[PDB]
Every structure is written in C-alpha cells, then in structure tokens.
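Let's start with one chain on its own, the form deposited in one PDB entry, as structure tokens.
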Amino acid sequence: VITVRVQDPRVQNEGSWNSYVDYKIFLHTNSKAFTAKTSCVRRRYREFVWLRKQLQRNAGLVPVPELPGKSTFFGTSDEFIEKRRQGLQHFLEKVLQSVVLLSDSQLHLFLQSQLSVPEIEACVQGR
C-alpha cells in the first residue's frame, strides 16, 4: 500500500520579487522500499522538471510520465494552480507504478529527504 498526495499549494516569500508556489508531497506506505513510512516535503514545479529529466537519464527505454506543462489560456491563478496540482499528483502516481523508476535513489531523496536538488545531484556525481 502506497498513498501519495500532492496537496496544499502555498506562495513562498509572498509579496516579493522571488515569490513562487510549492506543493506538499504526502507519502504514506507499508512498503520498506522507502526509508520512512510517513513523509511530508515541499517541492516547487522546477524541481519536478529536474526529477523527470534525471529519471529519463537513468531509466533507458522505460517511459517517464509527462508533467502537466504550461497553459495557453488565462484563467484565475487559483484554477491554474489546481490543474497543475492534479498534474503533479498524476505524474507521481504513474512514477510509483514502475519497479524500475521506484528503484531510483534520486526519486527517494526527492520524495523523502529535505536535500535541495543540487545536493541530490552532488550525492550521485560524488559516488
């Protein structure tokens, strides 16, 4: 049993030049494929773009699910964020259906560690 939810979108350093949205990734599981049984970590969209690219580089012909993308339609910021949230949740759901993508150490550090993306990358490049 694996329950993965992308939840509670929030604006970080709000009212500032470098404000951005990140998303809470809730993972609960009874599988020791994970080092922790409950995790919460916050990830921003550009971190997901990195993860998709790092998964492709390690997975050979195993197909990596698509990220939602950018819309060509104005709406509310609220409806855009909600469609994106749904796309990030579908992406993680489909990742976690592959034995091969599940085995990837970069996926485990993304979902269950507080390591930044350059620190995760430095761990793999540094052995």
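Whichever C-alpha set is largest while still superposing within 1.5 Å between the two forms counts as the rigid core. We number the residues from 1 along the sequence you see. Shifts are known only where both forms have a C-alpha.
The next section is about a form of this same protein that is not shown, the form deposited in another entry.
**Q** If you fit the two forms on their rigid core, which residue out of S77, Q97, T35, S71 shows a CA shift of at least 2 Å between the shown form and the other one?
**A** Result of the comparison: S71.
**Q** Can a Cα shift of no less than 2 Å be assigned to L88 between the shown form and the other one, given superposition on the rigid core?
**A** No, the C-alpha moves less than 2 Å.
**Q** Relative to the form shown here, do the C-alpha atoms of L88 and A59 sit closer together or farther apart in the other form, given a change of 3 Å or more?
**A** Those two alpha carbons end up farther apart in the other form.
**Q** What happens to the Cα distance from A59 to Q86 in the other form: does it get closer or farther than here, with a change of 3 angstroms or more?
**A** Distance between the C-alphas of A59 and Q86: longer in the other form, by 3 Å or more.
**Q** Using a 2 Å C-alpha criterion and requiring 3 or more consecutive residues, which regions move between the shown form and the other one after core superposition?
**A** Segments displaced between the shown form and the other one after core fit: 57-60, 70-76.
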